[PDB]
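Structure assessment
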Amino acid sequence: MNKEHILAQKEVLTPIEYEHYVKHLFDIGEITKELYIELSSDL
């Protein structure tokens, strides 16, 4: 499984780009929206 490897990426890249990091995932279903919503701590 390559869910943890990609996760670290979103942590490195800015928060703006991360928003898309989860978009491509949906394509296969790697990470659930629950993660994109939870991790999302911007306002």
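Attention here is on the structure that accompanies the text.

Reading the values: the criteria
- Residues numbered from 1 in each chain as written, not as in the entry; some residues may be left out.
- Heavy atoms only, no water.
- Core = buried A, V, L, I, M, F, W, Y, C linked by side-chain atoms within 4.5 Å.
- Buried < 20%, exposed > 50% of the residue type's maximum accessible area, 1.4 Å probe, protein only.
- Helix = DSSP H or I, 4+ residues; strand = E, 2+ residues; numbered from the N terminus.
- Contact = heavy atoms within 4.5 Å.
- Axes fitted to C-alpha atoms, helices over the stretch in contact; angles between N-to-C directions.
- Parallel < 35°, antiparallel > 145°, perpendicular 65-115°, else oblique.
- Left-handed = near helix turned anticlockwise from the far one by under 90°.
- Nonpolar A, V, L, I, M, F, W, Y, C, P; charged D, E, K, R; others polar.

Counting residues in each nonpolar core, the largest one holds 6 residues, listed as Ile6, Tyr18, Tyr21, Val22, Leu25 and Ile31. Sort the elements by how many residues they give to this core and helix 2 (residues 15-26) lands first, with 4 residues. Setting aside its immediate chain neighbours within four residues, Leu25 contacts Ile6, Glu30 and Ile31.

Think of two packed helices as two axes; the pair is described by the angle between the axes and how far apart they sit. Interhelical geometry of helix 1 (residues 4-12) versus helix 2 gives an angle of 155 degrees and a closest axis separation of 8 Å. In terms of orientation, helix 1 lies roughly antiparallel with respect to helix 2. For helix 1 against helix 2, the interelement crossing comes out right-handed. Within the contact between the two elements, helix 1 uses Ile6, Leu7 and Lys10 and helix 2 uses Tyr18, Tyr21 and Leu25. For the contact of helix 1 with helix 2, the class distribution of residues is 5 nonpolar, no polar and 1 charged.

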